[PDB]
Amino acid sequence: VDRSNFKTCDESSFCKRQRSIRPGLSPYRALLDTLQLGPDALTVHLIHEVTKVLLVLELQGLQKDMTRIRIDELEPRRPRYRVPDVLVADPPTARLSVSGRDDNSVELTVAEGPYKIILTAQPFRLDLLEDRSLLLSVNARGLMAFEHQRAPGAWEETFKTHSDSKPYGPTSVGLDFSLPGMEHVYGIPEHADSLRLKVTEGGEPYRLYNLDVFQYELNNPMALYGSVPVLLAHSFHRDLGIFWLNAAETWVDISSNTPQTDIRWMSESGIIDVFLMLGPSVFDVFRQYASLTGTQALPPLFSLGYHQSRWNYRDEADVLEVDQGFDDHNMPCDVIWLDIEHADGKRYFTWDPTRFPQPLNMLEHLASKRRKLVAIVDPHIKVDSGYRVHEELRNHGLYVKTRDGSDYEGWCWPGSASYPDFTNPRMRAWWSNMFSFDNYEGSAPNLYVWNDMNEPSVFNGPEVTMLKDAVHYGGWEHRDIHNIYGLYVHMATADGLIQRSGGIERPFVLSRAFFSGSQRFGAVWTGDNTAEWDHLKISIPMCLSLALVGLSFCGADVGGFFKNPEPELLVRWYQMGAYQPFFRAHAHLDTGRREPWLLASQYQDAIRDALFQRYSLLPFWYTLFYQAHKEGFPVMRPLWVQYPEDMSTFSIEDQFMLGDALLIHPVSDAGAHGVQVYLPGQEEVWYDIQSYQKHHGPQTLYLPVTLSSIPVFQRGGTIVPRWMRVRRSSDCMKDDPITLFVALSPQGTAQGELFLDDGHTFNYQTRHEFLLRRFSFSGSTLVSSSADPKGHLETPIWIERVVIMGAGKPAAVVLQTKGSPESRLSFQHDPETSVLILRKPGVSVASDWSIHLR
């Protein structure tokens, strides 16, 4: 990376001004005479003691144990930005009442307790309490700063060669928060940095500004492609979350101080709009945040398989050779991807007339293999009077404009290009309609989409993005809206894939830029990583930090995007990618071809094995994603989520969990002979899923590895569903029988869930056509029951096998199904491993049943 391209905080004039305010007595004070308790909120005026600028504080207690703080000018010259379309609903309020008072203090109770907020009048301060316990303070370091709109580089400003006319002058807002008892914080992606956020006292703040950073480097706080302004604080005692709802450039400072962590948000414009999510558990925070910004969109099953991509596959023949290569080499794959060279000179929604002349025939060939295709569609439109897309957008005034009123023109892949104003809903509706099979000629139902460069990337723009003073719908400046431009692209694209189907088919869209609420629209990935061992390692903390803030459908380019990975590195990257949510190999134009059958057989065989492990766990992967969709719980999890009181898990990032059942520590070092696996939990057991060996937590286990090793352990008390019949793609497998893996707890119990539907439509919600099964083991009986009776499905899926780890040899096994006579099942038992295998139960997965070991 070339850092001189991107401003440090000192080079950002609003960052420089804000950060110069150091902790001290705040000049803001609350005018308690102006206090008013309304139907939804409490409003009180604030005043700067020196400037006599008047602000309004809108304080709200919310249902589900959250508080919202909003600060705006009392009489502003012109309106300030308030972030639209990110909140899924108007958050339901809870009544506030005054329960205490004095000449410098008002105490407020949320509903009937136990949550209380103390408003101090001078200096202005907010304290949030559960009963008499202090949870969090606001403005305790006195860092509140609110630059009011002065009457029309604080004003006009230059960086490198780019000029910001800055017509509205300094307008930044900032606020500080104190977290007593918290020593670990997480979140605010995207940064190529460790999971546990670092103190910023002696260096740069964390920066949140969606930017295209070429060959980005590791362990630094530079802004990357996406920004999610959510921070999570965890201690042995509680969990809290801060959600700073601002779409402008934001810098975040973190300092530690009995233990305490302080957080300061600094934003270029808009209002102050922050949500305090009070837990107390981390899953309460997940729920609190999900109720505000939504949940992970349920991926169609195929998108959870393996994606084979590169820049670029050459032509239709190349695509079909890649397809055939998977089958000839007995390797599963669901999607082959088409990067920018598939279109006519980077004019999106087109096909190169020589290299992709018959796209429907290509897609039809892929459909007969029951595989899908993804084509890239970027949001920049080549300025070309022969390009129909450009002519329509220009003729309908749907482009981002400059202050003089002409359409903005920058530079990207097709050369000179204009940028549709995706903040304008008329533009989004246009974009969505463009994906109809009549408009996107050559597309078909098994073609899905990739949105890239949607920061937006502008090669001749400041910091490789759009000018701060470009103008969008409603007169708002680009500096106001920057961090949700990509989300609008992702949303409009995803809605287009729904619309072209008549509202029936679920979308799949991968997006590089993102914001709060992006989880509603599909997947994201960590952009242009590099073929190096430390980039492999960093995929875990990066996707973990996206998991914590709602983006469960995360991944990194398998193999690395830049450079050529060595065969050992590619194998380890596959084993790693096979256990991460979005699973795609991708590569730069000038890299060597690395389709997995081009390696020597030893590397091929390990890669095949990793692919097989992935396809077999699809029922499990699909259920975790249904739980993420319904509850807001992340699929990939840090160990401290499952073991919140084990302080040695708070920083771990070479290990992760999938739901609560699988602990994963992939090998990420060349030539490693072993790994050190921390297995947590008092009176917890773990099963090596390769050797079936039982291990007792808590411990650090030295596990020897070979090239084929993927260190995976199943937690005792869990039931994992697998498809043991690996076929060439997920469409081929989705009517096949399930095998159940029961890892017995030390108390002889276990449980797990299974979700099923058709794999790709919305029928699960519009017609309740699905199954949610709960499997429970206790005493000596495995029972299948419904976890949601609303769900019904016509399916041939049956239970073909049950594998139980940690069991003794029974004398007999008896199956009981409603509608059937009592049946006897045969079984095998290994006395060495305490593994019991129940042969062919034969029962439908829609049926209730029980198996008894005698």
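Position 1 is the first residue in the sequence shown; the rest follow in order.
Chemist: Check the residues of the deposited sequence separating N257 from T258 and report how many of them have no coordinates, as none, 1 to 3, 4 to 9, or 10 or more.
Modeler: Unmodelled stretch: 10 or more residues.
Chemist: Scan the PDB entry between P152 and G153 and report the missing deposited residues as one of none, 1 to 3, 4 to 9, 10 or more.
Modeler: Unresolved stretch here: 10 or more residues.
Chemist: According to the deposited model, is the average Cα temperature factor higher in 768-776 or in 100-108?
Modeler: Looking at the record's C-alpha B-factors, the answer is 100-108.
Chemist: Hey, which bit's got the bigger mean C-alpha B factor in the entry, 572-580 or 111-119?
Modeler: On average, C-alpha B-factors are higher across 111-119.
Chemist: What's the residue among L74, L298, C554, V712 with the greatest CA temperature factor in the PDB record?
Modeler: Answer for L74, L298, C554, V712: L74, with the highest C-alpha B-factor.
Chemist: Go through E147, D654, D344, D495 one by one and give the residue whose Cα B-factor in the PDB entry is largest.
Modeler: So the option with the highest C-alpha B-factor is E147.
Chemist: In terms of the CA temperature factor given in the entry, to which third of its chain does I797 belong: lowest, middle or highest?
Modeler: Its C-alpha B-factor, which the entry lists for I797, ranks in the lowest third among residues of this chain.
Chemist: According to the PDB entry, is the CA B factor of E391 in the bottom, middle or top third of its chain, that is, lowest, middle or highest?
Modeler: It belongs to the highest third of the chain when residues are ordered by C-alpha B-factor.
Chemist: Please rank the C-alpha B-factors of the chain's modelled residues and tell me whether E268 sits in the lowest, middle or highest third.
Modeler: Middle third by C-alpha B-factor.
Chemist: Can you tell me which third, lowest, middle or highest, the CA B-factor of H490 falls into for its chain?
Modeler: Lowest third, going by the recorded CA B-factors of the chain.
Chemist: Quick check for you: using the entry's CA B-factors within this chain, is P462 in the lowest, middle or highest third?
Modeler: According to the entry, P462 has a C-alpha B-factor in the chain's middle third.
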